[PDB]
Structure formats: structure tokens, C-alpha cells
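Chains: A, B, C, D, E, F, G, H, I and J, in written order; residue numbering restarts at 1 for each.
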Amino acid sequence: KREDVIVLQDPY
Amino acid sequence: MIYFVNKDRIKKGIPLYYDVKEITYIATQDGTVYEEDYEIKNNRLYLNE
Amino acid sequence: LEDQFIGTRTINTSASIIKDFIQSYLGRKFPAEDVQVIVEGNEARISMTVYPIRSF
Amino acid sequence: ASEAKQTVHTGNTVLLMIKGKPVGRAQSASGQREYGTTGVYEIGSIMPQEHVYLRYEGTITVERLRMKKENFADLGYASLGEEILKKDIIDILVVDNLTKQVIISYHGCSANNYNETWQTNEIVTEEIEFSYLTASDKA
Amino acid sequence: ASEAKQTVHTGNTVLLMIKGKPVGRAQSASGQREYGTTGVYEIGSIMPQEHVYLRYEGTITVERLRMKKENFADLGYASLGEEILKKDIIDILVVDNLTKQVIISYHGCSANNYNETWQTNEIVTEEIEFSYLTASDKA
Amino acid sequence: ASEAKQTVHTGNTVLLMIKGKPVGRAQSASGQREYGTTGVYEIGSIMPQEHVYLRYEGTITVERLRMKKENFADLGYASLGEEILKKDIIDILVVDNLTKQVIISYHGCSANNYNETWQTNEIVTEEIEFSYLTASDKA
Amino acid sequence: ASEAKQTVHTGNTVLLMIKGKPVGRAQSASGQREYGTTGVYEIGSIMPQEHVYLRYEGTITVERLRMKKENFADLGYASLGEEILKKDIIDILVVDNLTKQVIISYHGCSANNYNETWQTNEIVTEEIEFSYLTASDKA
Amino acid sequence: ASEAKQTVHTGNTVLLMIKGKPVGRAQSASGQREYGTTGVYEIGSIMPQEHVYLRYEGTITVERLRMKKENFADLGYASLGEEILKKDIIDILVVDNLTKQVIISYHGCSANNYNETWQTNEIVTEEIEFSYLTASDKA
Amino acid sequence: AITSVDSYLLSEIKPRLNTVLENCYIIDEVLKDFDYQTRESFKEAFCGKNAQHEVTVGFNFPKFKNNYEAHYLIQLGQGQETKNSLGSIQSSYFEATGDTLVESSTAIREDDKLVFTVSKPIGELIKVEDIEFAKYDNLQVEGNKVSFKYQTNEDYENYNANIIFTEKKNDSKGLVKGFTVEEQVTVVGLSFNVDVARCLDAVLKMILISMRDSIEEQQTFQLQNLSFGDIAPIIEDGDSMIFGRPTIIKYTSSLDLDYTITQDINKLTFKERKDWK
Amino acid sequence: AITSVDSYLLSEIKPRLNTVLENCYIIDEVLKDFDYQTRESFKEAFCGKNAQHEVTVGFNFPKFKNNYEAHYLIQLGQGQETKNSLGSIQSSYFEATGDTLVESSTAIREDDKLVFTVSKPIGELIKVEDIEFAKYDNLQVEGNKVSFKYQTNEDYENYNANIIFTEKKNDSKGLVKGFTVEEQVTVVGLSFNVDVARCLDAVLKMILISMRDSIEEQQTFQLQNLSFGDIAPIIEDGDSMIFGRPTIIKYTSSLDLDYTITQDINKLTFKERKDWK
């Protein structure tokens, strides 16, 4: 499922 | 995305909803915004006052 | 004449309440038209008009 | 939008004040007033010829939730026993909440009766009724 | 479609006017009237022989929301204190809203009592009752 | 199917007529009647020995919506002022709507009181009460 | 969070005590009090000149569910018959439940009437009313 | 679980007995009682000085569904006519249903009034009221 | 007037919300009953001038994505007319009066009068703060100025006051015709963090209590009444749920129009005419 | 104040639940009406210091799995404002007063006074336990200390008391503005064993009865009213059903703010000015 609701940085 | 820009958001920077990798288009009522007049840092958008 | 209250005995008072209180004092004890109240900071100056005697 | 040309007072718009303290948790105030208007009649017609004022009377009744402190008994305005004989008359002011401006004054209030009701599913209620010497407004 | 052959007055159809000003926010008016009709009886039958009119009486009662301005007290029609002794009689007109045409006139009104109720979930209410000398309509 | 062997009168079945005109928009009529029946008692038993009729009394009360025309005041049956002294007695007939046949007659009606109520969410209401000399039915 | 600056008494906050025992299952207590305040009038004005206190009166009324034991009759505070003549006056205390601190004392209570209602879908109810000599609070 | 330390009487817990027969279908019993407590006043204080008992009074009122047999009229306890003059006083007992133990006795009952209501959607109701000489309980 | 409760609430809530959030000890007082960690986390995240997160307010049905971390959604509800006047006459006026206003002003000397200047023509003066004039003071109002006799008042030559007054539109007669309406608006604090939803609820209740004293809803929008819903997931099928607790704000207010009357009568005249039959 | 009934209930229930469960004869008294085997099994499993199972309490919508053997789920419900004061004045104060507190303390001699020391500044003293002072005793309060004359009281030089008092925030005037709200919270004891659900219901009712006497809901949260739902499967499609019986706890409480008043008046002054007309 796509991460729309809570959005976090890319790991790098 | 769309944001209303106000004195607080000028001083503090707009916290963007999305994790922007890059901008493809940016504009305002006065027209296109040139790259000397905006910056992204830490997923905050800073604008010329 | 003097009547005075001091010492935090009251809350939320106003110039209108002062003027009525004076008339309650006077009514139980001169015309309400003839007295003025100015409130400023912690002071309420109450000013009474009086009629000295002119000679004809 | 806020207009003055029409406005009515409401429970939230009006403070009740006694001796310069607001009365907390007052639930109602009822002011009643009577002049004894008596009609004049005479031989020669069934119609009233005139009306005359003969006896002014009025009362102010206040209902309040019984607080744990600053009751009418604790404030001293009410009386439970013989100490009613030692209470001077008091003036009750009804005051505009916004302007702090006196709407109506009841002068020379004197207690007629005092009630407390203790009940199991409710907040305790004080109620008090005063006779008063006169009422007035100033503007 | 609008028909005259049947029509009733309604709260929206009727203005209340005093001294040529309409009374805003009036909630009700109640007019009551009595003639003292007394039956005549005599030895010889249980039936009433006649009825006679002996004493006219009537009152007009008005309920109104207490406005912040132009109250009956501010208009001067009501009285709170001894100044009741200085109020002349006034005439109260009930008037057709469409035609501006007088429906009924109460003449020589004089105040019996005046009430105000201050309550916490409601708009404040004035109520006043007048005795009047006579009533009439003109057409 | 329509049966006579049982039938009751209803609000739709009955006309009210005064001076040969039907009264439009009449909402109720209430007829009440009393004979003054007094019991006779004597030394020697607690039981009533007899009953005697001593004083006949009765009233007819009518409620009506205040029409814009042909009110009781406009018809002249009611009176607002001193002109009550100039109204002759009138007879009020309650009449079967189907057969046009008189159910009951109230004879010699004379007005006791007259009311009008003006209210903001309602149709205006007339109410009137008459004393009457006698009642009768004919068949 | 618990604040003293505002607090009201409630049915759960208040104990009723008689002779140092709490009254179980008490449903209400109603205290009423009157001073006979009489207004003074004179020739020369319609206004009241003064008010005077002339006669103190008060009652305490208690409703209670009729327990199978320790009724007012079993406790002896009520009386069913002539033994009312042998009951001394008793003092009724209304006491803060938290602090065990007396809110109001009714002194010299004496029974006016006593009721029991037996009914088929309900718990049985006692009700009793006392006249008392005075009331007081101490702080 | 069944506890005695708290228990209340209820419509199911209590028998009503007259002359050693239970009264079937009794709907309510209401016992009322008054002592005439009069306060003593004197010149020198507004306070009551004392209370005195002056006149005992009490009544028992019973409502019952009118059975087809063993009515109060059929049982003879009620009276419809002059035979009221031949009914001796009776004692009414209210009795614990479990223990068969007398809760309260009303002694010397004497009928004040007797009613029957016949109505079209309901069971017929008897109601009777007695004055009684005294009441007592025994334990 | 005609009124729009939703736009009033938006206009009133936004500045008040900002001014509370920029003031740490206010939040520290409002949240005193919450768990310590909830309180400190909220105060760290959203509160003070350095706050990196922000709250937002707006109407429902926008076409863009909102700040679902913390957002007050305003949502216009039902209403009904409740009380009517006879003839629908809500009031009458001899001079068309505008909105009520409060303005700060200072006295100045002019020609041995004191005067206060106001930004707009004064239709009616309700109160000069902390002053009650005597007849000797010769209080007069003219245009957009209030004027006040100097002679005895020289000490007050620079006195600072607040004037409560109301505008005038024009010099005309009319009837204010209308009725009272009782109307509802719903507000919900959306957050994907439940503890944020609970704190936004507390802050909103504080704001509404503070709002009850404002002139706007003292003169109009009277009898504010509050109801509260359950806390529940508003949306349930994202990567996370979004929670909120609704509150319903109910107001009583007047809807009315200025029906101006052009008719004016300025002289009666009398004549006798003779009937010779 | 602003209040949070849910967090109050969580904070109050958790310690009380622990202290009952660590005390076997309390459970043995609470469950006296249940079947013998139900009682003994519950007491063996959950009760006493050696209990290998445990109960748990928390709010609804956690992101982790709970102890579905026995868990009290707390669930904030509806509410509505019920009673308002005139002017919304809930009270007024001359000195900003905090929460009510009860603290144990002991007397000590100091300079021929007895004193009790309290952890915080005393804004108001409500009761010194088991003492009523006479005027001769010269009762005085100062800062965070209560002081009491030694001369006649030497026997009490180490007397142990409980002080009921309330904090002060600061010396300021104001109005407590607010209203009363009636508010609901639901609590359900979840268990996959029906007899455990029934015992958790009994224990919760006992706890709430005990709670009615606490200062917290004597001063606030008054008029506790309880309603009970059916026992039903909360979840029905695991390897086993999970059962619970809801209870609704309703409270009446005050929502209010301290509106401080900066205005103070400390002298009237009078002047006569002469009108020569």
C-alpha cells in the first residue's frame, strides 16, 4: 500500500 | 501542491506535504518563480519575501 | 463630604458602577446629572458641579 | 457582523453583581412589580372614568446553585436564623457584560424567604426572594 | 392566488404601534374584556328574566423580548419606580400590516404591572399589563 | 353504506348559524347548563329526603379564528366599548348540516366577555361567552 | 484535576445525619424559611418607606425509601400514634461527605406530618415534615 | 445473594389484610397523618419559643380493581346506602409477605367516601378512604 | 443582516489559534490535566515561535491535500427559524446604522474643547471607556468626532480611551424586517495521531470559551451551545488511520433586511369646508 | 479547568485495579455471589502477588496486540453542555487557586508555636484533620506553613495530622468563566473467556463505587452515572471469539478558564468645581 498519509524521508 | 504564503511561512519556510525530489513547475499570480527566488532545504520551501 | 473604599474589596468595577454607587449613597443619604466620574489607572476622580451665588 | 440596531439581552450578556462582586452560578433572576392601579367608577355610566396609582410593590427572586463556598449564607446576604435582624439592606445590580454598564438597579432589598433543596441526582439549589424599596436605571 | 372572501389575521399580518412607532420584537398581545353581565331573578320562576350590563372592564397584556435599546423602560412607557406617577395615558394601536389600516384601538392604557426575567439559556423577556378606558375600531 | 340507527354528530356534521348566516371558521362551541339542585335534609335521618330545582343558569362559549372581515365585532354581535349597551339579545342556532334542521337553539344570548389573542406563530383567535335566557330543541 | 475555586454540592457530596447516625436511602431534603417581611406605608406616598421582620418560620421535609429496618418509626423519630407526645426535639445535621464538616444544622425539629405510600410497581416511600426552632451553620 | 442490612419494602413484599383475609388486587394504599403542630410566639422576639401538639388526624386510602366477587361492597366493608350506619369499625393490617409479621396496624377505620369508575378501555376501579382512630406497629 | 456563521468562525478561530500557539504558557495551562508526556510532546511540536509543525484551518471539500497532522475542518450544518416578531418587525431606526466597532483613540485639545477622533462617522456612541460625562461637560458628537469641554478637564489633555460606537450608513427611516434562526456548524480536529486529536479538542474548547466574550457573538450569534462526538477514525484505509472528535457549535442569530421608508410627512394642514345641505 | 475524563479514568483505575488484585480477600468478597469454581479459578489465575496472568488497561486504537486474556479498553464518548451561569461566571477569586490536595504532616515545635509544614504554598486551608481551633489558639497560615500556638498544646508537640488544602498560583484577581458539561466514557473488559469477562465486570463496578468517594470526582466529575451493555462477541472470526460487556460512565463537570483582571482601583478622589453659568 502506498505511503500517502504519513510521509517519511528517503533512507539516504 | 498549493500553499498560501504569509509572513510566518516566509520566516519559517513552508513544510511540504510530499518529500519533493525535484520541482517541475512553480508559479504564482505574478507568473513563474525563477530559481534565484526559491530554495528547498530539509523538505522546507523558502521563498523571497 | 467623603465616602471612600480601598483594599481590593471589589472585582471588575467600572465608571458607571461608581456613579450609580455614589447615587445610591446620596439617594439613601444632589442630582445625578451634576456629577462626573473619570477612571484612569488606579484613580477614580469624582467631580461635583456646584453653584456659587452671583450678584444681580 | 455585529449590529446594534437590533439586539436582545441573553443569559450570557448580563452580569449580576452584589456589593461589587459578581454572583457566580446564578441560574435565574425574576423581577416583578405592581402599582395597585384602581379604576374609578360612578353613578351614571358603566365605563371607568379614570385610573389611579395607589400602592407600589415589587420583588426580586434569584435561583442559584449552592456553591461549596461563597453561598448567600457564607456571603452573609441570606440569613438562616435570628441574625436576619442584623442585616442591612443591600442593592442588587444587573449589569451589561460587554460595557460594564448598569442595566437596572434594585434598591433596598430585604429578604422574604430562603430555600435549599438537597436531592440525589441533581446539584443543590439555593433560592432567595427579596422585597425592595425601588428600582431604577441610569443612562 | 390571493382571496379576500376568506382570510384570517396572523402574527405576520399585524403591526403593533405605540405613539406612531412600531414595537419591535413583540411576542404576543392579549386583549381581554368584561361587562359584568348580571342575571335578574324573582319569586315565581327559576328562569332568568333579564340580563343587565353593570361594569365594563378590560386589560391589554404585551410580552416582548428585552432589547438592548428602546425597551418599554427606555421608551418611557413602562415605569420602574415612583416616576409611574408622571406617565400620562397612552393609546395602543393594532394595525393591518398590508393596508396600514387600524384594526383595533385600546384607549387610555395605564400600567398595572411590569416584569423582566433574566435566565441563562434564553433571551430576556419583558412583560407588561395595562388597564384601559375603552377600545374601539373604525372602518 | 350509510346507517341512521347509529350516528353521532361531528365537527363536520353541524353548522352554527346566527341571524340566518353561518359563522365561518368557528373552532368550538361549548354549552353549559345548571339547575341549582339542592338536597333537603331533616332531623331524624342522614339521608336526603328530596331534591329541588331552584335556579337555572347556562352559558354558550364560542372560539373562532379572527377573520379579516365579518368578525363578531364587524358583524356587531360582539362589543368593544360602551356600545354594548345598544346590542339587543340574539338567538344562536346549531343546525344539522345535512337536513338543515335545528338541533338546539340558545335563546336570548347576552355577552359576558370578549377576547382577542395576537401571537407570532399562530392565527389570531376570537373567543366570546354569552349568558342566555333558555335553550330548546324542536322536532 | 480537582478545583475548589468553583464547586457545587451534589446528592453524592452530602451526608444527612441524625443523632450521629447517617440516614440511609434518603431521597430528598427540602429546607424552607420565612421571615414575615412586612412593608411600611403611609399617607403622602405610594412607595414603601421601610421593611420590618416580624415572624420567623421554617420547615425541613425529608423523603426516604421505607427500609425493612431502621425506619423513622423504628428509629423512633417518627410517631404513629399518641406516643408523639413523648418525643423530645431532635437536631438534624447536613454534613459534607468529604470533610465530615457541618454544612447546616436544623435545631429543635418537631414533626408536623408523616406519610407512607404502598404501591404495586414501586419501592415504598416514607415522607416526613418537621417544624424547627432555628437553623445555623458554623465555620 | 440476599442481605438484610439493606432492604426496602416493595409492592410485592407486602400483604394487605382485613379481618384475616388478604385483599386481592389492591393497587395502592396511602397512609397520611397529622399532629396539628402549632408554634408558640410572644412579645420580645420573632423566634418560635416552642412547639405543641394539639390535634391528631390521619386517613388510609385504598385503591382496588373492582372484582366480580368480594368487592368492598360484597365484603361489607364499604357501604352504598343507609346501611353505613350499621358498620362497626374495622382494623386494617399491612403485613410482611415473607415473615407474615405485622408492619403497621390502622385501628378503628371508618369510611369517609367510596368511589367506582366505569370506563370503556379500562378495568373498573374501586377507591375508598377511611378515617382511623390510631396507628401502631409491634415488634 | 444576512450572516454566514461558517465564515465568522473561520475568521475568528484562525487569529485566536495563532495567538495561543505562539504563547507557550497558555498551552501549558490549557493542557495541565493531560499526561505529562502528551503535554510536553504537543508543546515541543506545535507550540512556540520555533514550532516546526503547524496547525491549519479551512472549510471542507477542498480540491488539494491538507495537513492531516493537525487540521481544523469547518463544516456548515443545519438550522431552523425559531422565534418571530409581530409583523416581522425586528426593530426600527431613524438613521441607518452599520456594524458595532471598538477603536482606541486619544484626546486632543482643540479650541478649548477636548476631542476624540474616530475613523468613521459615528452613527451612535455607546460608551467612551472609563468616562461618564456630566451635563456641565457639554458632551457632543459631530460627524466622526466626539467633543468634550476643556475647561475643567485640562489634566486629561492627552487621556487615552477606547470608543465603542457604531457606523452610520445614511440618514433614512426604515424597518428592520426579519426573524431569528438557530443554526449549527461542526468543527473537527483531524490528526493521524490520537493524542494530537485530543489536544486539538482541548485547545478548541478553550478558544470557544474565550470567544463567548467577543463583541461579534455578544451582539449577534448569541447563546453558543456546544455538543461533542465520539473520537473515531475519519478515514480508515490509508497507510494509517486519520482520527478526529467532532464538536457541534450551535448559535442563535437574527436574519433581517433594512426596509427603508421613503414616505415622510412634515406638516399637517387644516381646512374647514361648509355644508349648506 | 479544561479536563480529560479519559485520562482521569485511566490514571485512577490502574492503581486501584493493581491494589485490589494484589489483595486476595478483597476479590474473595467481591466475587462471593459467583459460582464457586468461577471464583476460585479467577482468584488462582489473576489474583495475589504470585499471579502468573495479569490484567491491563489502555485506550482504544493501539498499533500493537493487547493482552486479550483480560484487558480494560477505555473509550472516550459523547458529551453536551447542560447548565450555564449568568454571564458565564462560574466563580470569582481574589487569589489564583490551584488544585485541591491532601497531605500527611506532623506538628513540630518552633519558637513556642506548633507548626505543620506543607509541600506547596497554601492558597486556602480547608481542614486540619481532627482539629478545630479556638480563637485563643491564634491559628495563622503563612506561605507553605500552618502555625499554631504552643502554650496550652504541649501534649500535641508531635501530633500527626492530614492537611486538606489547595495550591495558590499567584496573587491576582479574575473571573472563572465557563460552563458545565455532561460527558460519557465507555469501558469494556475484553476476554476470550466469558467467565473472565463477567468477573472483570464485577471488579470494575466495585472499583467505580470505591471511586465515588475520591477527592477528584468529589470536587470535579460529579454525579457519576452507570449504564451496562449486553455481553457479546467483540470479534468473531479469529481462532476464538473475544467477549466483553460494555459499561458507560457518565460524568457532570465544569469546563472553565481563569480570566484575570488587571484593572485595580485603590483610591477614590473627590473634587468640587464651580459653575458660574
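The rule is simple: a contact is a pair of C-beta atoms (placed from the backbone, for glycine too) under 8 Å apart; a residue touches a chain by one contact, two chains touch by 3 or more.
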{"item": "Option in E-I, E-J or F-I whose residue-number contact pairs overlap D-J by over half", "value": "E-I"}
{"item": "A-B compared against D-J, more contacting pairs", "value": "D-J"}
{"item": "Averaged-CA centre spacing for the pair chain F and chain B, given as whole angstrom", "value": "85"}
{"item": "Mean-CA-position distance for chain E and chain D (Å)", "value": "26"}
{"item": "CA centroid of chain F to CA centroid of chain H, Å", "value": "45"}
{"item": "Contacts with two or more other chains, residues of chain C listed in rising order", "value": "10-14, 16, 18-19, 39, 47, 49"}
{"item": "Contacts with 2+ other chains: residues of chain F", "value": "82, 85, 118, 120-121"}
{"item": "Sites on chain J at which at least two other chains make contact", "value": "1, 3, 8, 83-86, 88, 90-92, 175-176, 178, 222-223, 256, 273, 275"}
{"item": "Interfacial residue positions of chain G with respect to chain H in the complex", "value": "24-25, 35-36, 53-57, 65-69, 73-74, 79-82, 84-85, 89, 108, 110-124, 131, 133-134"}
{"item": "Residues of chain D that touch chain I when the two form their complex", "value": "1-8, 10-13, 97-99, 101"}
{"item": "Complex interface listing, chain A residues touching chain B", "value": "7-10"}
{"item": "List of chain D residues in touch with chain E within their complex", "value": "4, 6-12, 14, 16, 26-35, 37, 39, 41, 46-48, 51, 53, 56, 94, 96, 104, 134-137, 139"}
{"item": "Residue ranges of chain F touching chain D (in the complex, touch as defined)", "value": "82, 85"}
